[PDB]
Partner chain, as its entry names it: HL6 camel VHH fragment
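In structure tokens, one chain follows: the form solved without its partner chain.
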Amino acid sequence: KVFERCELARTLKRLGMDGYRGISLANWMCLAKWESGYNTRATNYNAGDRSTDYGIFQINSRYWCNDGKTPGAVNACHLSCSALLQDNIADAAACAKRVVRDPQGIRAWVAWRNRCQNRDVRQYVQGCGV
């Protein structure tokens, strides 16, 4: 599923992402936008280390979910990576909360540093009623 901007904003608020571990809703929106373009079935194979990024938040199989083919990987969210390709994003949101519980927080995603950090991210949630 490819979410519309405000549709996603409202869905994430309902899932309790606003201010989770200090991360504003607009930051989560900026992250989803640059990682997948708000697309839940997005996948990206990283040829360099044999891992794959899954779903709307592009969660990596080396530490977060299990896909069985990633060498020396763990599954901290305790989910099959398949769960991160669903139209319903409840599992992807719960796993994203787990990722940011680690010391790096939102910084775990390099894309967030390049495209969202120290930027005016208000635009991602404007007019959505959140």
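Residue numbers count along the first chain shown, from 1.
> If you average the Cα B factors in the entry, which is higher, 26-34 or 97-105?
Between 26-34 and 97-105, it is 97-105 that shows the higher mean C-alpha B-factor.
> Please work out which of 80-88 and 39-47 has the higher mean CA B-factor as recorded in the PDB entry.
Stretch with the higher mean C-alpha B-factor: 39-47.
> Relative to the other modelled residues of the same chain, rank the CA B-factor of residue 117 and answer lowest, middle or highest third.
According to the entry, residue 117 has a C-alpha B-factor in the chain's middle third.
> Classify residue 110 as lowest, middle or highest third according to the C-alpha B-factor given in the PDB entry, relative to its own chain.
Residue 110: CA B-factor falls in the highest third of its chain.
> By its CA B factor, does residue 61 count among the lowest, middle or highest third of the modelled residues in the chain?
Middle third, going by the recorded CA B-factors of the chain.
> Sorting the chain's modelled residues by C-alpha B-factor, tell me whether residue 130 ends up in the lowest, middle or highest third.
As the PDB entry reports it, the C-alpha B-factor of residue 130 lands in the highest third of its chain.
Keep in mind that the form solved in complex with its partner chain is not shown, yet the notes after this line are about it.
> Scan 72-86 and note down the residues that get a heavy atom within 4.5 Å of its partner chain in the deposited complex; none is a fine answer too.
The stretch touches the partner through 76, 77, 78, 79.
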